[PDB]
Ligand SMILES: Nc1ncnc2c1ncn2[C@@H]1O[C@H](CSCC[C@H](N)C(=O)O)[C@@H](O)[C@H]1O
Ligand code: NA
């Protein structure tokens, strides 16, 4: 009669909380999805070994179209867990799944875990300063989406930072690199001409948040657009005007260029 | 030899990540601060038991003025951990502590944990739609803070949701309730008369996120301002423009008035 939405955390199998693990171990059935994000520092096998339960993976269609006939039926007579990377309900559509549970007479509880939304705090950028967030999508066919560029413009205009998620093809396991993200934004700038993203724009790249050795880099596009940030996934941030302490942290921790202490503060 | 910034999570000792627990267990010295937030479902005793180490609690003064005198010295010859509620670098000034560590020749690592910043997901509000965040502070003497009101105005203007961290006076055991926050806001509205926060404003309250049964309520200020939302900690959220599914979740899960199902596009 109970469904537990349990977050898996940022990087590897140890990013799940003690509460989430203990609850997952007591569940009769455990489902998981890895289409919204992928746990780059571990594997399904390692996660299954830690939880000590067989994990049935669900595709996007399984969830969005058939959550009520795949997961909920079992949650009516047993304790069921639904595992997701990061913090449950961060993914836009996930919250609605609790409404489906209700309508099916199934109770649901949420067990939180670290999310990139809060983990980006490791860049030294003040969390309260983040504005609306967005996702950089690949252009294709006759479709060139550029809304993420407008998001950056509006936030920046108000001195706010912009958290940018990069495109991902979970199934195909193909990621968009921060490098590719920068190339696309430069292309959009050439069309929009809004002076929002140029070779002189200061950006921050975060890779493998959650690991003991994440990659945190900050600098100007002209210098970072060809740098090697390691294996995906990458997160790109376009910070608004920086608080002095933010710039110093980037300089001291992320090896940012001295220049930003005077140019972007 | 090294310093660990380890987050403890939202509610109780089990909100720490497996990674954080296993590392905390093998540290020679463990320090902690419990003034940046309230973990209403645990005690120092329970935390010490889980980690199996004695924890020396530091005050805001100990940290902000003497971190390099109390913590760092030991990190030069031992493995030290500094524990904090939620995520160590979120809505705190702890990021700056890493600079002190570096300048002292001490390498540091960060172990994230569930944070209120991402936990807002349980409100059903799309996380990407939150804009600049703010803190509602207790007026002090003739000083009556009001900046948070302008933040709400800026966000609502963009149709973005506003997350409001609430004040805390740890040494006085004082934790601002959502009720007190709304009262202060109504008073600021009377002074500024910007039509930003009135009795008809839709607000969302999230109390004791992280527990298995947090209080999640949504509705008009006039109806919520005197409602008992349970023990602290609380956060107040003032949504911007709602998507259909957001409104639906507020009604179905947060008990909002069914008329809120209708949205003014
Ligand atoms: N579990 C919880 N439930 C509701 N509000 C919470 C909360 N934890 C923190 N808060 C809010 O956040 C404020 C502290 S700011 C510190 C946040 C912490 N670093 C984190 O990552 O979560 C509290 O005063 C309250 O306003
Ligand atoms: Na945000």
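Residue numbering: from 1, along the chain as shown.
Looking at the header, which is where the method is noted, we find X-ray crystallography, 2.1 Å.
Every residue, even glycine, has its Cβ placed from backbone N, Cα and C.
Among the candidates B:126, B:234, the residue that Swiss-Prot annotates alongside B:10, B:87, B:90, B:115, B:116, B:166, B:209 as binding S-adenosyl-L-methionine is B:234. Contact with chain A, taken as any Cβ pair under 8 Å, is found for the binding-site residues B:115 out of B:115, B:166, B:234. Residue pairs drawn from B:10, B:87, B:90, B:115, B:116, B:166, B:209, B:234, the listed S-adenosyl-L-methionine binders, are separated by up to 16 Å at the Cα level. The Cβ of residue B:116 (S-adenosyl-L-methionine binding site) lies under 8 Å from the Cβ of B:10, B:37, B:86, B:90, B:91, B:165, B:206, B:209, B:233, B:235, each on the same chain and at least six residues away in sequence. Long-range Cβ proximity for residue B:166 (S-adenosyl-L-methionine binding site), meaning a same-chain Cβ under 8 A and a gap of 6 or more residues, is found for B:135, B:136, B:175, B:176, B:177, B:178, B:180, B:181, B:233, B:234, B:235, B:236. Not one of the binding-site residues B:115, B:116, B:166, B:209 places a Cβ under 6 Å from an atom of ligand 2.
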